[PDB]
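Visitor: Sharing a structure, written as structure tokens. Questions coming.
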Amino acid sequence: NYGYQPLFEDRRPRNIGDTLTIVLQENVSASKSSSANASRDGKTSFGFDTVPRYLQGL
Amino acid sequence: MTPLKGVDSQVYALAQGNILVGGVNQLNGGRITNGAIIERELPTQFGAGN
């Protein structure tokens, strides 16, 4: 003799020892990224090609 | 021949016979007189105690 069993309810596991099907469908995906940058240029110049006489002292 | 189960899914009676439909009236439902025979008995505690 087994216990009371419902009629219209689905067959769910209810006690220790009942079986149940697992459908393994796992799909995980993670990601990350980053960056950084910096820059600097400089260029100076000056040239007195032909100096007049009254400025030759400087 | 049809077995009649309880709520514990055990056979308590066996049913077989001719159906009597009224013949508005219901056509998809009938009743059979003395159509089942008891096969299992239930225990009881009648007669025990005061």
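Within each chain, counting starts at residue 1; across the structure tokens, chains are named A, B, ... in the order shown, with ligands numbered 1 upward in that order.
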I'd like a table as a Markdown table: residues in chain B with an atom no more than 8 Å from chain A, each row giving the shortest atom pair and its distance in Å to one decimal, only C-alpha atoms counted, sorted by chain and rising residue number.

Guide:
```
| residue | atom | partner | partner_atom | distance |
| --- | --- | --- | --- | --- |
| B:7 | CA | A:4 | CA | 5.8 |
| B:8 | CA | A:4 | CA | 4.8 |
| B:9 | CA | A:5 | CA | 7.5 |
| B:10 | CA | A:1 | CA | 7.7 |
```

Visitor: Quick one: pull the distance between CA of residue 35 in chain B and CA of residue 23 in chain B, Å, one decimal.

Guide: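 We find that CA of residue 35 in chain B and CA of residue 23 in chain B lie 19.8 Å from each other.
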
Visitor: For CA of residue 31 in chain B and CA of residue 18 in chain B, quote the distance in Å rounded to one decimal.

Guide: 8.8 Å

Visitor: Kindly give the distance, in Å, that separates CA of residue 38 in chain B and CA of residue 21 in chain B, rounded to a single decimal.

Guide: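 Rounded to one decimal, the two atoms are 23.8 Å apart.
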